[PDB]
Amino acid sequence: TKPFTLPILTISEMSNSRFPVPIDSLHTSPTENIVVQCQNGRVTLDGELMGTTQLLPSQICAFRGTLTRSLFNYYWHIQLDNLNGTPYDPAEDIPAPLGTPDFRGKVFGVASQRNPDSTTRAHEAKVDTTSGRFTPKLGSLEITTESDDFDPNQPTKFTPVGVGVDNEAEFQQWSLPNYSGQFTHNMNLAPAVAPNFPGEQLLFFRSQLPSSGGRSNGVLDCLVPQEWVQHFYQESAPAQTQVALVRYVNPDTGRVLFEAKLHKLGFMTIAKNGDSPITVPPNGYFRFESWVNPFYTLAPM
């Protein structure tokens, strides 16, 4: 039986599993009034990926495909391939192509092309996940660009940079988009998570994304960092119980700072009340202690 382990990583050595950016802080909040069903960064403790989660850190909210013709007022239609470059099969039991953004808003980035004659071009672009032509489950999506310099029918890649909404309220990180437009409803979704113990809230790995304009704070929370996605997938260690007891330890000090539950479906809960950051020392790290049952009472923070 292979033991369960966490990688030894510092707050500044973790990457967001819903975006190609580093983790900036730890955060907690009540979550009764939101649905926490993100589809990227979703993995079980025994290394089973769920939702649209994949392994490549740079490919979260990115895409590959072929461009066609349809202030960012130039509209382009993207026929989506898999991030392999292999053709995307909508019949596959997944909500959308792996790496598809799992929130409502506009993903700001750069679309680039390389033609057979070796000519190239790349310009800023936005992916509106709220538009009726955001149908990646059907195999296509729409980008908008400020530039007209794009050649139709050429292979196109998208590099995510941050959020590109105009008003803060258009970015809702806890509202899944319609992966099929309004043709049909979302399917094959990774389960939604919630704390299930009195006085416990979710613990989030928080990033602040770049913003192309407006006053969007670009706050994106993920349940588990991308390195844990990659680590559990490699290890595939059998989950002994539903809950893993984890502790944040300071190697400078020897002291433990707080304890937490790491649940089998891939999320963390702590004993705290209110929307608040969790300030941690620069050398601290999460450490696996043992398998424990859901009725464990954590020391409050």
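One rule holds for the numbers: they count along the sequence shown, beginning at 1.
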property	result
Unmodelled deposited residues between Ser70 and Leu71, binned	10 or more
85 to 93 set against 128 to 136, stretch whose average Cα temperature factor tops the other in the entry	85 to 93
Stretch exceeding the other in mean C-alpha B-factor - 202 to 210, 111 to 119	111 to 119
Largest Cα B-factor, entry values, listed residues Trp228, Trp76, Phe158, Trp174	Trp76
Most elevated Cα B-factor in the entry, residues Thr269, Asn250, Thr31, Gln37	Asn250
Among modelled residues of the same chain, the CA temperature factor third for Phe197	middle
CA B-factor ranking of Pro20, expressed as a third of its chain	lowest
Chain third (lowest, middle, highest) by recorded CA B-factor, residue given as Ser290	lowest
Record-listed C-alpha B factor of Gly181: chain third	highest
For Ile60, the third of its chain into which the C-alpha B factor falls	lowest
